[PDB]
């Protein structure tokens, strides 16, 4: 039963969940990967890994992905969560030096992952492994796009570092711009393409219907995370959250902020439903009877289909994952799955 302040009837009724058939194998392989890359201690992997549902949320997103593609995505995604934890700890413990070096190392590894497969920082080595594997599915032009997008993500994380250190809470739209980078909107959008086995030409993926559908899918995911992770983040002195920016700069109460974030989230759904029709019509138009046309049509259709899947997967993930179960922690400021 989903808490009323987090419940979205439209999602529950109109966005039925899907699960990739590779998930059972996925859950086990990523867990083993986390262990062997030493991204989490053995006892914490044993106790928390499965309950974090990191593989689950991705397996409910990129439907149709080749098992190998989904595996790389899941490993990368699990790494991403751990990176978020490391980022959080560096801020809390004021490790500005350690963060700056990690920041620089990630930028470097992003462009040449093979060179960093066995770096002394296991977080860097774990990153390099997943990225190298992600770079082996599509042409280098896609790899370059992934890199360009993630370079931006890293810098957004750096801005978060300075914000929390200086105690600055970003403005609403200042946050809204930043959130598209810290949530890595365009990374997940990029990853739709190897999942459907086709790098989309710019003319296709920059089609206004495709762009808008892709954007709304991510805005929902990011803002719903804000809604659900708000108590966790308030307790952990995190300042990056749409609700927090509303409390700080719009004089809204916690109750008012939650309500406003809900409405913005709900509006994302109905805006998506409208543009989804245009995006799917675009997919039909691509099928002009040619082999290339059918390929592009099928890829767009699958991608838009997964844009929709993101809604339900992210929705249920926040209610199933132990990551946000702050009420069950002895110390609300310090999640038990994080290395403190």
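Residue numbers count along the first chain shown, from 1.
Identify the stretch, either 308 to 316 or 44 to 52, whose C-alpha atoms have the larger mean B-factor according to the entry.
-> It is 44 to 52.
Between the two ranges 144 to 152 and 249 to 257, the one averaging a larger CA B factor in the entry | It is 249 to 257 that shows the higher mean C-alpha B-factor.
Maximum C-alpha temperature factor, selected from 26, 39, 279, 65 | Of the candidates given, the C-alpha B-factor peaks at 39.
Which one of 85, 226, 190, 238 shows the top CA temperature factor in the record?
-> It is 238.
Should residue 206 be placed in the lowest, middle or highest third of its chain by the C-alpha B factor in the entry?
-> Its C-alpha B-factor belongs to the middle third of this chain's values.
Comparing against every modelled residue in the chain, figure out the third that the C-alpha B-factor of residue 99 lands in (lowest, middle or highest).
-> CA B-factor rank for residue 99: lowest third.
Taking the C-alpha B-factors as the PDB entry records them, is residue 302 in the lowest, middle or highest third of its chain?
-> Lowest third, going by the recorded CA B-factors of the chain.
Among all modelled residues of this chain, ranked by Cα B factor, put residue 329 in the bottom, middle or top third, i.e. lowest, middle or highest.
-> Its C-alpha B-factor belongs to the highest third of this chain's values.
Relative to the other modelled residues in the chain, which third contains the C-alpha temperature factor of residue 275: lowest, middle or highest?
-> For residue 275, whose C-alpha B-factor we compare with every modelled residue in the chain, the answer is the middle third.
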